[PDB]
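As a plain string of letters, each chain reads:
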Amino acid sequence: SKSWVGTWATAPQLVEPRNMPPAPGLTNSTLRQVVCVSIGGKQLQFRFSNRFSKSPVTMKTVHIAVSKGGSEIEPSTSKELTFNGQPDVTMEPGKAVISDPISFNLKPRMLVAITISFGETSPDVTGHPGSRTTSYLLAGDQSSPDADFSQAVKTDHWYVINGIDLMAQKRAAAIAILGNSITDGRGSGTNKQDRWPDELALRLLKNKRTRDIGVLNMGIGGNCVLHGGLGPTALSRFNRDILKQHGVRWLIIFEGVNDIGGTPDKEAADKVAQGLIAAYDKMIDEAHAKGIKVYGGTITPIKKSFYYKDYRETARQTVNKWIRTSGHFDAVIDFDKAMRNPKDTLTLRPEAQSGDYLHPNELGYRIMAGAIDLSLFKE
Ligand SMILES: CO[C@H]1[C@H](O)[C@@H](O)[C@@H](O[C@@H]2[C@@H](O)[C@H](O)CO[C@H]2O)O[C@@H]1C(=O)O
């Protein structure tokens, strides 16, 4: 009667040189990373990705523990993961691995420290640069629960880790969210776990009816839906990052500003607008065929940002009109209406953005999550 439901995930990509780990690098080193789950549970599995690496990657050991903030853990909580009973595993080029199931007291919104000791790794690294969370690197094998990381090399990126799922009853399910930096959390506080999907998770957990609903943030900073951008496009990654998650019953699509922002003139921008509409229809249809409800987020303002052009704003309005009026999404989450300045509706609210008039700040992300009707997540 129980099956796997995702509680935390992060979308993988090939890490760009500028986002690579600092010295001493991952090979023959130990890396501690912190994630913030949504729903809690008692039996977990941990997923690790090598999808964008062309060499095998060996994890000599992986441990999990309750994070106490920073690089510290509660050592009495530490447990070793296994992979077919063994502590060590090698991922094949392009492939992922899933740990053996493990018992762990996972509480809602718990901060979990995942500590990996690596052997040989791949210089093309699979990871998630926009972690909004500091990770900690030490040379050598520092897998003891009493290892001192207080002086580890800090890096504000995630590498390798991909998801945590837990066993749950029929009442439990997850929302998967596809987006760019506005969803990945540029402008949110580092180590504050306060991206808009985190704020939604908080609202769900506090509302008794939605307490068993988890949140899978598949945002990628700088991502595009159609072509270009950072990381694999939303269309390319849709199957892996959305359709293959466990227990997903709803998908929020909130993405496309970077496609619009890349266009050099009216004709290209109008073509992107139609391309985004077609891509939304495609992803709606594919999710529907798997029983998933799809909610569309309107693209938020860009005036006063580096992206603004009169013809890009036109394309944004074309897309938003289709989101609001086509009826093809199962419901509309009107982030544009929530985030736009009432006195200048083409620009973000000044106090709710990070200075660039594109990415919200922490208040903005709370306003965004607060504008979501939780009755959209029933059963
Ligand atoms: C995690 O993604 C970050 C990326 O690594 C940075 O180089 C940079 O990319 C920006 C992106 O924020 C914009 O939305 C589109 O233009 C790019 O230059 O910031 C990313 C981030 O989300 O922090």
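Residues numbered from 1 in each chain as written, not as in the entry; some residues may be left out. Heavy atoms only, no water.

As stated in the entry header, the method of structure determination is X-ray crystallography and the reported resolution is 1.26 Å.

> Mind laying out the side chain of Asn50, listing which residues take part and the relevant values?
Note on placement: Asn50 falls in the loop between strand 4 (41–49) and strand 5 (57–66). Residue class for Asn50 comes out buried when judged on its relative accessible area of 2%. Within polar-contact distance, the side chain of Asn50 engages the side chain of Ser53 at 3.1 Å. Those residues in contact with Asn50 that lie beyond four places of it in its chain are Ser55, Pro56, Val57, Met91, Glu92, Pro93, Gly94, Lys95, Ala96 and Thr126. (Helix = DSSP H or I, 4+ residues; strand = E, 2+ residues; numbered from the N terminus. Buried < 20%, exposed > 50% of the residue type's maximum accessible area, 1.4 Å probe, protein only. Polar contact = N/O pair within 3.5 Å; in protein donor to acceptor, adjacent residues only side chain to side chain. Contact = heavy atoms within 4.5 Å.)

> I'd love a proper account of the sheet that holds strand 17 (residues 213–219), names of residues and values included.
Two strands in a sheet stick together by hydrogen bonds in their backbones, pointing the same way (parallel) or opposite ways (antiparallel). Taken in spatial order, the 5 strands line up as 17-16-18-19-20 in an open sheet, and their pairing is parallel. With one partner strand each, in any of the chains shown, strand 17 and strand 20 (331–333) form the two edges of the open sheet. Each strand axis lies, on average, 25° off the axis of its neighbour in the sheet, ignoring direction. In the sheet, strand 16 (residues 173–179) pairs with strand 18 (residues 248–254) via 6 bridges, with the strands oriented parallel. When the sheet's bridge partners are listed, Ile175 is paired in strand 18 with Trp250. Contacts from helix 3 (residues 234–243) reach strand 16, strand 17 and strand 18 within the one sheet, and its direction differs from that of strand 16 by about 165°. (Pairing = 2+ DSSP bridges. Axes fitted to C-alpha atoms, helices over the stretch in contact; angles between N-to-C directions.)

> Can you lay out the pattern of salt bridges for me, pointing to particular residues and giving the numbers?
What the rule picks out here adds up to 17 salt bridges. Residues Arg109 and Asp198 are paired through a salt bridge, measuring 2.8 Å at the closest nitrogen-oxygen approach. With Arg109 in the loop between strand 9 (102–106) and strand 10 (111–118) and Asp198 in helix 2 (residues 196–206), this pair connects stretches of sequence that are 89 residues apart. Of the charged contacts in the structure, one is a salt bridge between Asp184 and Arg132, with a shortest N-O distance of 3.2 Å. Linking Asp184 in helix 1 (residues 181–184) with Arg132 in the loop between strand 11 (126–128) and strand 12 (135–139), this pair joins segments that are 52 residues apart in sequence. (Salt bridge = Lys/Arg side-chain N within 4 Å of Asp/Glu carboxyl O.)

> Can you break down the pairing of strand 4 residue by residue, with the values?
For strand 4, the tally of buried residues reaches 7 of 9 residues, placing the bulk of the element in the interior. As paired elements, strand 4 and strand 15 (residues 161–168) share 5 bridges and run antiparallel to each other. Pairing of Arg47 across the sheet is with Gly163, part of strand 15. Here 3 bridges tie strand 4 to strand 8 (residues 96–98), and the two strands are oriented antiparallel to one another. Bridging from a neighbouring strand, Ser49 pairs with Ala96 of strand 8.

> Kindly report on the site of the ligand, identifying the contributing residues and their values.
Surveying the vicinity of the ligand reveals the residues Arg18, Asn19, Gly130, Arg132, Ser181, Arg186, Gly221, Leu230, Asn258, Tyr307 and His359. Interatomic distance of 3.0 Å between a side-chain N/O atom of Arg18 and an oxygen atom of the ligand. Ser181 is positioned with one of its side-chain polar atoms (N or O) 2.6 Å from an oxygen atom of the ligand. Considered on its own, the ligand offers 480 Å² of accessible surface; in the complex 69% of this is hidden by protein. (Near = heavy atom within 4 Å. Areas by Shrake-Rupley, 256 points an atom, 1.4 Å probe, with all protein chains shown as cover.)

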